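coords-v4.csv, holding CSV, C-alpha atoms and all ligand atoms:
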```csv
chain,number,residue,atom,x,y,z
A,3,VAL,CA,76.7,86.2,69.8
A,4,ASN,CA,73.6,88.2,69.2
A,5,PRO,CA,71.6,87.4,65.9
A,6,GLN,CA,69.6,90.7,66.4
A,7,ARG,CA,72.8,92.5,65.4
A,8,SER,CA,73.2,90.5,62.2
A,9,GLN,CA,71.9,91.5,58.8
A,10,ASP,CA,69.3,89.1,57.3
A,11,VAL,CA,71.7,86.2,56.7
A,12,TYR,CA,70.1,83.2,58.4
A,13,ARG,CA,66.4,82.6,57.4
A,14,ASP,CA,64.1,83.6,54.6
A,15,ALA,CA,65.0,83.4,50.9
A,16,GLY,CA,61.7,85.2,49.9
A,17,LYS,CA,59.1,85.1,47.3
A,18,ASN,CA,60.7,87.9,45.2
A,19,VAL,CA,64.5,88.4,45.0
A,20,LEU,CA,67.0,90.9,43.7
A,21,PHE,CA,70.8,90.1,43.5
A,22,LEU,CA,73.1,93.0,42.7
A,23,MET,CA,77.0,93.0,42.3
A,24,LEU,CA,78.7,96.4,41.9
A,25,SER,CA,82.4,97.4,41.3
A,26,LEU,CA,83.9,100.7,42.6
A,27,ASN,CA,85.1,103.0,39.9
A,28,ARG,CA,88.7,103.2,41.3
A,29,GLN,CA,88.9,106.8,40.1
A,30,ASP,CA,88.8,108.7,43.4
A,31,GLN,CA,89.3,106.6,46.6
A,32,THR,CA,88.2,109.5,48.9
A,33,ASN,CA,84.9,110.2,47.2
A,34,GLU,CA,84.1,106.5,46.7
A,35,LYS,CA,84.8,105.8,50.3
A,36,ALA,CA,82.7,108.7,51.4
A,37,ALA,CA,79.7,107.2,49.5
A,38,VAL,CA,80.1,103.7,50.9
A,39,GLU,CA,80.1,105.4,54.4
A,40,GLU,CA,76.9,107.3,53.6
A,41,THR,CA,75.4,104.0,52.2
A,42,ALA,CA,76.2,102.1,55.5
A,43,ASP,CA,73.8,104.5,57.3
A,44,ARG,CA,71.2,105.1,54.5
A,45,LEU,CA,70.7,101.4,53.8
A,46,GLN,CA,69.5,100.8,57.4
A,47,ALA,CA,67.3,103.9,57.2
A,48,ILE,CA,65.8,102.7,54.0
A,49,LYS,CA,64.9,99.3,55.6
A,50,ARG,CA,63.4,101.1,58.6
A,51,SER,CA,61.1,103.2,56.4
A,52,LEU,CA,59.9,100.3,54.3
A,53,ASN,CA,59.3,98.2,57.4
A,54,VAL,CA,57.1,101.0,58.7
A,55,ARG,CA,55.3,101.3,55.4
A,56,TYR,CA,54.9,97.6,54.6
A,57,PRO,CA,55.3,95.7,58.0
A,58,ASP,CA,53.6,92.5,56.6
A,59,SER,CA,55.8,92.1,53.6
A,60,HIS,CA,58.9,90.3,55.1
A,61,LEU,CA,61.5,92.7,53.8
A,62,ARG,CA,64.9,91.1,54.1
A,63,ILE,CA,68.3,92.6,53.2
A,64,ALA,CA,72.0,91.5,53.2
A,65,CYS,CA,74.7,93.8,51.9
A,66,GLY,CA,78.4,92.7,51.5
A,67,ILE,CA,81.9,93.9,50.9
A,68,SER,CA,84.5,91.9,48.9
A,69,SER,CA,88.2,91.4,50.0
A,70,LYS,CA,89.4,93.7,47.2
A,71,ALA,CA,86.9,96.3,48.2
A,72,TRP,CA,87.9,96.1,51.8
A,73,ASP,CA,91.7,96.5,51.0
A,74,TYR,CA,91.0,99.5,48.8
A,75,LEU,CA,88.4,101.3,51.1
A,76,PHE,CA,89.9,100.3,54.5
A,77,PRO,CA,93.7,99.8,53.9
A,78,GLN,CA,94.7,100.9,57.5
A,79,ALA,CA,92.0,98.8,59.3
A,80,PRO,CA,91.4,95.3,60.8
A,81,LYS,CA,90.0,92.8,58.4
A,82,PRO,CA,87.6,89.8,59.0
A,83,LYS,CA,89.8,86.6,59.6
A,84,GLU,CA,88.5,84.6,56.6
A,85,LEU,CA,87.9,87.4,54.1
A,86,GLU,CA,89.8,86.6,50.8
A,87,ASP,CA,89.6,87.1,47.1
A,88,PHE,CA,87.8,84.2,45.2
A,89,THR,CA,89.4,83.7,41.8
A,90,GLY,CA,87.6,80.5,40.8
A,91,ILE,CA,88.1,76.7,41.4
A,92,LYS,CA,90.1,74.4,39.1
A,93,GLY,CA,88.0,71.2,39.1
A,94,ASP,CA,88.2,67.8,37.4
A,95,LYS,CA,85.4,67.7,34.7
A,96,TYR,CA,84.4,71.4,35.3
A,97,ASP,CA,85.9,74.7,36.4
A,98,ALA,CA,84.2,77.6,38.2
A,99,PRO,CA,85.2,81.3,37.3
A,100,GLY,CA,85.9,84.1,39.7
A,101,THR,CA,84.3,87.5,39.1
A,102,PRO,CA,85.9,90.8,40.3
A,103,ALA,CA,83.3,92.7,42.3
A,104,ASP,CA,83.2,95.1,45.3
A,105,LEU,CA,79.7,95.3,46.8
A,106,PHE,CA,76.8,92.8,47.0
A,107,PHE,CA,73.1,93.2,47.8
A,108,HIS,CA,70.6,90.4,48.4
A,109,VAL,CA,67.1,91.9,48.7
A,110,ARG,CA,63.9,89.8,49.4
A,111,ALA,CA,60.2,90.6,49.9
A,112,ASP,CA,56.7,89.4,49.5
A,113,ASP,CA,56.3,92.0,46.6
A,114,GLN,CA,58.6,93.1,43.8
A,115,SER,CA,57.8,96.7,44.5
A,116,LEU,CA,59.7,96.6,47.7
A,117,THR,CA,62.9,95.0,46.1
A,118,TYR,CA,62.7,97.7,43.4
A,119,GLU,CA,62.4,100.5,46.0
A,120,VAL,CA,65.4,99.3,48.2
A,121,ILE,CA,67.8,99.3,45.2
A,122,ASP,CA,66.4,102.4,43.6
A,123,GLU,CA,66.9,104.3,46.9
A,124,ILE,CA,70.4,102.9,47.6
A,125,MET,CA,71.6,103.7,44.0
A,126,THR,CA,71.0,107.4,44.6
A,127,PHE,CA,74.1,107.2,46.9
A,128,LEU,CA,76.1,104.6,44.9
A,129,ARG,CA,75.5,105.2,41.2
A,130,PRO,CA,78.1,108.1,40.9
A,131,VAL,CA,80.9,105.8,42.2
A,132,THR,CA,80.0,102.4,40.8
A,133,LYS,CA,79.3,100.2,37.8
A,134,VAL,CA,77.1,97.1,37.6
A,135,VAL,CA,78.8,93.7,37.5
A,136,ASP,CA,75.7,91.6,37.6
A,137,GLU,CA,72.0,92.2,38.3
A,138,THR,CA,69.7,89.1,38.6
A,139,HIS,CA,66.0,89.0,39.4
A,140,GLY,CA,64.8,85.8,41.1
A,141,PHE,CA,61.6,84.2,42.5
A,142,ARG,CA,60.3,81.4,44.7
A,143,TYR,CA,59.0,78.4,42.6
A,144,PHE,CA,56.2,76.1,43.6
A,145,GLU,CA,56.5,74.8,47.2
A,146,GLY,CA,60.0,76.4,47.5
A,147,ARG,CA,61.3,73.9,44.9
A,148,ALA,CA,64.4,74.8,43.0
A,149,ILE,CA,63.7,75.4,39.3
A,150,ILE,CA,64.8,71.8,38.7
A,151,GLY,CA,61.7,70.7,40.7
A,152,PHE,CA,63.3,69.5,44.0
A,153,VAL,CA,62.7,71.1,47.4
A,154,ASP,CA,65.4,73.8,48.1
A,155,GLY,CA,67.0,73.9,51.5
A,156,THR,CA,65.7,70.8,53.4
A,157,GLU,CA,69.1,70.1,55.1
A,158,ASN,CA,69.7,73.8,56.0
A,159,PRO,CA,70.3,74.4,59.8
A,160,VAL,CA,67.3,76.0,61.4
A,161,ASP,CA,66.7,78.0,64.7
A,162,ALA,CA,69.8,77.6,67.0
A,163,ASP,CA,71.7,75.6,64.4
A,164,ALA,CA,71.3,78.5,61.9
A,165,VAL,CA,72.9,80.9,64.4
A,166,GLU,CA,75.7,78.4,65.2
A,167,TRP,CA,76.6,78.0,61.5
A,168,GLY,CA,75.4,81.3,60.0
A,169,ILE,CA,77.2,84.1,61.9
A,170,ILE,CA,80.7,84.9,63.4
A,171,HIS,CA,81.0,84.3,67.1
A,172,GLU,CA,83.9,84.9,69.7
A,173,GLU,CA,86.6,83.7,67.3
A,174,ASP,CA,86.8,87.1,65.5
A,175,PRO,CA,85.4,89.6,68.1
A,176,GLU,CA,85.9,92.8,66.1
A,177,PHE,CA,83.5,91.3,63.5
A,178,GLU,CA,81.2,89.2,65.7
A,179,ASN,CA,77.6,88.7,64.2
A,180,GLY,CA,79.0,89.2,60.7
A,181,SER,CA,78.8,86.5,58.0
A,182,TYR,CA,80.6,85.4,54.8
A,183,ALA,CA,78.3,85.2,51.7
A,184,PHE,CA,79.2,83.4,48.5
A,185,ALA,CA,77.2,84.3,45.4
A,186,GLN,CA,77.3,82.0,42.3
A,187,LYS,CA,75.0,82.3,39.3
A,188,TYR,CA,74.3,79.1,37.4
A,189,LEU,CA,72.7,78.5,34.0
A,190,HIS,CA,70.8,75.2,33.7
A,191,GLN,CA,70.4,73.0,30.6
A,192,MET,CA,66.7,72.6,31.2
A,193,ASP,CA,66.1,70.6,27.9
A,194,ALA,CA,68.6,67.9,28.9
A,195,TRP,CA,67.3,67.9,32.5
A,196,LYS,CA,63.6,67.6,31.4
A,197,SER,CA,64.5,64.6,29.2
A,198,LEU,CA,65.7,62.5,32.2
A,199,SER,CA,63.2,60.2,34.0
A,200,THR,CA,62.1,61.1,37.5
A,201,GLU,CA,64.2,58.3,38.8
A,202,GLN,CA,67.3,59.5,36.9
A,203,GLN,CA,66.8,63.0,38.4
A,204,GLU,CA,66.5,61.5,41.9
A,205,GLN,CA,69.9,59.8,41.3
A,206,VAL,CA,71.5,63.2,40.5
A,207,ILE,CA,70.1,64.9,43.6
A,208,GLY,CA,70.1,62.1,46.3
A,209,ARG,CA,66.4,62.5,47.3
A,210,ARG,CA,62.9,61.6,46.1
A,211,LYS,CA,61.3,64.3,44.0
A,212,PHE,CA,57.7,64.5,45.1
A,213,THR,CA,58.0,63.6,48.8
A,214,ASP,CA,61.6,65.0,49.2
A,215,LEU,CA,62.5,62.0,51.4
A,216,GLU,CA,66.3,61.5,51.4
A,217,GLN,CA,67.3,58.3,49.6
A,218,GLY,CA,68.8,55.5,51.7
A,219,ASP,CA,72.6,55.7,51.3
A,220,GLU,CA,72.5,52.2,49.9
A,221,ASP,CA,70.5,53.5,46.9
A,222,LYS,CA,72.4,56.8,46.3
A,223,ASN,CA,74.9,57.5,43.6
A,224,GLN,CA,78.2,58.5,45.3
A,225,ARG,CA,78.4,61.6,43.0
A,226,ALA,CA,74.9,62.7,44.0
A,227,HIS,CA,74.6,66.4,44.8
A,228,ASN,CA,73.7,65.8,48.5
A,229,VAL,CA,76.7,63.5,49.0
A,230,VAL,CA,79.6,65.4,47.4
A,231,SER,CA,78.4,68.9,48.5
A,232,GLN,CA,78.9,67.9,52.2
A,233,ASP,CA,81.8,69.0,54.4
A,234,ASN,CA,82.3,66.2,57.0
A,235,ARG,CA,86.0,67.0,57.9
A,236,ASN,CA,87.1,65.6,61.3
A,237,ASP,CA,83.8,63.7,61.6
A,238,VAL,CA,81.9,66.9,62.0
A,239,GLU,CA,79.0,67.8,59.7
A,240,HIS,CA,79.7,71.4,58.8
A,241,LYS,CA,76.8,73.6,57.7
A,242,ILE,CA,76.0,76.9,55.9
A,243,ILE,CA,72.7,78.6,55.1
A,244,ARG,CA,71.7,78.1,51.4
A,245,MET,CA,68.9,80.4,50.1
A,246,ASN,CA,69.1,79.3,46.4
A,247,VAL,CA,66.8,81.1,44.0
A,248,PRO,CA,65.4,80.4,40.5
A,249,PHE,CA,65.8,83.0,37.7
A,250,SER,CA,64.3,82.7,34.2
A,251,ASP,CA,63.4,84.4,31.0
A,252,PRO,CA,61.1,81.5,30.0
A,253,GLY,CA,60.2,83.0,26.5
A,254,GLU,CA,63.9,83.0,25.6
A,255,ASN,CA,64.5,79.6,27.4
A,256,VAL,CA,67.2,81.1,29.6
A,257,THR,CA,66.8,79.6,33.1
A,258,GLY,CA,69.1,79.0,36.1
A,259,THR,CA,69.7,79.0,39.9
A,260,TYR,CA,71.5,81.8,41.7
A,261,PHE,CA,73.3,80.2,44.6
A,262,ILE,CA,73.7,82.3,47.8
A,263,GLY,CA,75.3,80.7,50.9
A,264,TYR,CA,75.8,82.4,54.2
A,265,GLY,CA,78.3,81.0,56.7
A,266,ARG,CA,80.2,81.6,59.9
A,267,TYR,CA,83.1,80.0,58.1
A,268,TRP,CA,84.1,80.9,54.5
A,269,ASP,CA,86.4,77.8,55.0
A,270,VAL,CA,83.3,75.6,55.0
A,271,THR,CA,81.7,77.0,51.8
A,272,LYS,CA,85.0,76.8,50.0
A,273,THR,CA,85.5,73.2,51.0
A,274,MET,CA,82.0,72.2,49.9
A,275,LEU,CA,82.7,74.0,46.5
A,276,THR,CA,86.1,72.2,46.1
A,277,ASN,CA,84.4,68.8,46.9
A,278,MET,CA,81.7,69.4,44.2
A,279,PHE,CA,84.1,70.4,41.5
A,280,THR,CA,87.0,67.9,42.1
A,281,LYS,CA,84.6,64.9,42.7
A,282,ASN,CA,82.3,65.7,39.7
A,283,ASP,CA,78.9,66.4,41.4
A,284,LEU,CA,76.3,65.0,39.0
A,285,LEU,CA,74.3,68.3,39.2
A,286,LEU,CA,77.2,70.0,37.4
A,287,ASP,CA,76.3,68.1,34.2
A,288,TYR,CA,73.1,70.2,34.1
A,289,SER,CA,74.5,73.4,35.8
A,290,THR,CA,77.2,75.7,34.4
A,291,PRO,CA,78.5,78.5,36.8
A,292,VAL,CA,78.9,81.9,35.1
A,293,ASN,CA,80.0,84.1,37.9
A,294,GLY,CA,81.1,83.9,41.5
A,295,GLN,CA,82.6,86.0,44.4
A,296,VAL,CA,82.6,86.0,48.2
A,297,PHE,CA,81.6,89.0,50.4
A,298,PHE,CA,81.8,89.8,54.1
A,299,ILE,CA,78.4,90.7,55.5
A,300,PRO,CA,79.0,93.2,58.4
A,301,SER,CA,76.9,93.3,61.5
A,302,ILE,CA,74.8,96.3,62.3
A,303,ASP,CA,77.5,97.6,64.6
A,304,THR,CA,80.2,97.1,62.0
A,305,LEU,CA,78.1,99.1,59.6
A,306,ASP,CA,77.9,101.8,62.3
A,307,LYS,CA,81.7,101.8,62.6
A,308,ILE,CA,81.9,102.1,58.7
A,309,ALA,CA,79.4,105.0,58.6
A,310,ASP,CA,81.3,106.9,61.4
A,311,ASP,CA,84.7,106.6,59.4
A,312,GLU,CA,86.5,104.3,62.0
A,313,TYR,CA,88.0,102.0,59.4
A,401,LIG,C1,72.8,75.0,40.5
A,401,LIG,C2,73.1,75.2,41.8
A,401,LIG,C3,72.5,74.4,42.9
A,401,LIG,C4,71.3,73.7,43.0
A,401,LIG,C5,70.1,73.7,42.0
A,401,LIG,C6,71.3,73.0,44.2
A,401,LIG,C7,70.2,72.2,44.7
A,401,LIG,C8,70.1,71.5,45.9
A,401,LIG,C9,69.1,70.6,46.3
A,401,LIG,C10,67.8,70.4,45.5
A,401,LIG,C11,69.5,70.1,47.5
A,401,LIG,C12,68.7,69.1,48.3
A,401,LIG,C13,67.7,69.7,49.4
A,401,LIG,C14,68.4,70.2,50.6
A,401,LIG,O1,68.8,69.5,51.5
A,401,LIG,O2,68.6,71.4,50.6
A,401,LIG,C15,70.7,70.7,47.8
A,401,LIG,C16,71.4,70.3,49.0
A,401,LIG,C17,72.7,70.9,49.2
A,401,LIG,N1,73.4,71.7,48.5
A,401,LIG,FE1,73.0,72.4,46.7
A,401,LIG,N2,72.4,73.2,44.9
A,401,LIG,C18,73.2,74.0,44.1
A,401,LIG,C19,74.5,74.5,44.4
A,401,LIG,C20,75.2,74.3,45.5
A,401,LIG,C21,76.4,74.9,45.9
A,401,LIG,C22,77.3,75.9,45.1
A,401,LIG,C23,76.8,74.4,47.2
A,401,LIG,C24,78.0,74.7,48.0
A,401,LIG,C25,78.9,75.7,47.8
A,401,LIG,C26,75.7,73.5,47.6
A,401,LIG,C27,75.7,72.8,48.8
A,401,LIG,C28,74.6,72.0,49.2
A,401,LIG,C29,74.6,71.3,50.5
A,401,LIG,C30,75.7,71.3,51.5
A,401,LIG,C31,73.4,70.6,50.5
A,401,LIG,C32,72.9,69.7,51.6
A,401,LIG,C33,73.2,68.2,51.4
A,401,LIG,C34,72.8,67.4,52.6
A,401,LIG,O3,73.3,67.7,53.8
A,401,LIG,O4,72.1,66.4,52.5
A,401,LIG,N3,74.8,73.4,46.5
A,401,LIG,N4,71.1,71.5,46.8
```

For the structure just supplied, provide its representation as structure tokens.
Ligand code: HEM
Amino acid sequence: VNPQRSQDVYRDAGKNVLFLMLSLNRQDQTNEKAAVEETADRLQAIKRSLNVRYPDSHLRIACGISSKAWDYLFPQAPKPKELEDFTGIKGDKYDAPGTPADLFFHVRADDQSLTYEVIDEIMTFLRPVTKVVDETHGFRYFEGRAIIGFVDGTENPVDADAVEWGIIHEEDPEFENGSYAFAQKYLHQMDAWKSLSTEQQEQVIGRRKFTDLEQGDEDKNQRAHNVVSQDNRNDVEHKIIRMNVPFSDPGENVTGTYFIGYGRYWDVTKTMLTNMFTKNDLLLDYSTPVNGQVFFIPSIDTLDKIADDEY
């Protein structure tokens, strides 16, 4: 495993965020493939250039390919072990939808100008062969809190744990240092949420609001977000890297969280998601999912194979 050959899957969610889902036109496979191959080279060149121009601005990029896109572009080729089509989850109280999509970009920087420029330069190659599925603009709230006012990402794995849980190792050697990324846009019912007491919100989440100290298990609701969202199969505490992001039009009162979770194992994310939706996570009473798809995030070297037309 070498995290230096990974895309930016494992660390910084960033002060200014852009999320873009595209579909391929499915009009001319050859020409569409040719433009994805150009894009695999150009996207790295664009990051190099902006990192030269703005080295203090923490530019981070992750770009992804869905199962459907992979089957259409690379029909003759190997496929990452756990790459599948997400079609939604049938839950108890609540369902989650699946969204058809082919390409994903998660762009983060200290300034919105750099997130604008990455996408504007990439779309010179990709606009003639795509349509937009979703485009969301996100930001870091005060003290890295989610827009609901609780600290976002405290139980994320960090340093060696982030590598361990974030990127593909020797189990799938063709695609080592890749990642599986699940994108899921939620709208919040901020009015209802704001009418709860602090203590009522703390029951929903499983932690104290101001200090962010985890509640003692004796005091938690068993449907609290930080209980049901876990994957503890086989007495192992499975992790992914969550870099969740507020988005808002606060004039219109349209506010939400765009979930983005990077894992070595799609199987772990999918299990956490199944647990939430079958056991009725309390946070789902204030959170309505409106899209969702999973993408494979290639390593640097997999991008180089794609650019050189090996798949
Ligand atoms: C509206 C969407 C979401 C919001 C606002 C949200 C918010 C939070 C908050 C505030 C925490 C506690 C701080 C922390 O340890 O990070 C947390 C923890 C967590 N969330 Fe979420 N979350 C959302 C969606 C999801 C989704 C879709 C998943 C899984 C697919 C997930 C999995 C987790 C996990 C595993 C933890 C850590 C629990 C622990 O080990 O204590 N969350 N989330």

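With distances restricted to all atoms listed in the file, A:18 is the closest residue to residue 110 (chain A) from A:18, A:202, A:257, A:289.
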
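Shortest separation to residue 15 (chain A) among A:99, A:300, A:146, A:151 occurs at residue A:146, atoms counted being all atoms listed in the file.
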
**OP:** For region 52-68 of chain A, work out the shell of residues within 8 Å, counting all atoms listed in the file and skipping chain neighbours fewer than 3 positions away, then give it as JSON, numbers by chain.
**Re:** {"A": [9, 10, 11, 14, 16, 48, 49, 71, 72, 85, 86, 87, 103, 104, 105, 106, 107, 108, 109, 110, 111, 112, 113, 116, 183, 295, 296, 297, 298, 299, 300]}

**OP:** Find the residues near residue 282 (chain A): any atom within 12 Å, counting only C-alpha atoms, skip ones fewer than 3 places away on the same chain, and give them as number ranges by chain.
**Re:** A: 92-97, 206, 223-227, 229-231, 275-279, 285-289

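Polymer residues near (90.9, 95.4, 59.4): counting only C-alpha atoms with a cut-off of 12 Å, they are residues 69, 71, 72, 73, 74, 75, 76, 77, 78, 79, 80, 81, 82, 83, 84, 85, 174, 175, 176, 177, 298, 304, 307, 308, 312 and 313 of chain A.
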
**OP:** Calculate how many Å separate CA of residue 270 (chain A) from CA of residue 213 (chain A), rounding to one decimal.
**Re:** 28.7 Å

Subject >> Cut-off 10 Å around (63.3, 69.4, 39.5) with all atoms listed in the file: residues as number ranges by chain >> reply: A: 147-154, 192, 195-196, 200, 203-204, 207, 211-212

Original post:
How far is it from CA of residue 185 (chain A) to atom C30 of ligand LIG 401 (chain A), in Å with one decimal?
Top reply: 14.4 Å

**OP:** Using CA of residue 7 (chain A) and CA of residue 305 (chain A) as the two end points, give the distance in Å to one decimal.
**Re:** 10.3 Å

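If you measure from each of A:20, A:242, A:125, A:302 to ligand LIG 401 (chain A) using all atoms listed in the file, the closest one turns out to be A:242.
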
**OP:** Find, counting only C-alpha atoms, the residue in A:23, A:167, A:173, A:138 that gets nearest to residue 248 (chain A).
**Re:** A:138

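Here the question is which of A:136, A:172, A:216, A:163 gets nearest to ligand LIG 401 (chain A) using all atoms listed in the file, and that residue is A:216.
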
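Between residue 261 (chain A) and the candidates A:241, A:187, A:142, A:222, the tightest atom-to-atom separation, counting all atoms listed in the file, involves A:187.
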
Original post:
Residues at most 12 Å from residue 161 (chain A), counting all atoms listed in the file, excluding those fewer than 2 positions away in the same chain, as a ChimeraX atom specification?
Top reply: /A:5,12-14,158-159,163-168,243

**OP:** For residue 250 (chain A), list every protein, DNA or RNA residue within 9 Å, evaluated using only C-alpha atoms, and leave out those in the same chain fewer than 2 positions away; present the list as a PyMOL selection string.
**Re:** chain A and resi 139-141+149+248+252-259

Subject >> Shell of 9 Å around region 36-40 of chain A, all atoms listed in the file, local chain residues under 4 positions omitted, as an NGL selection string >> reply: :A and (31-32 or 44-45 or 75 or 127-128 or 130-131 or 305-306 or 308-311)
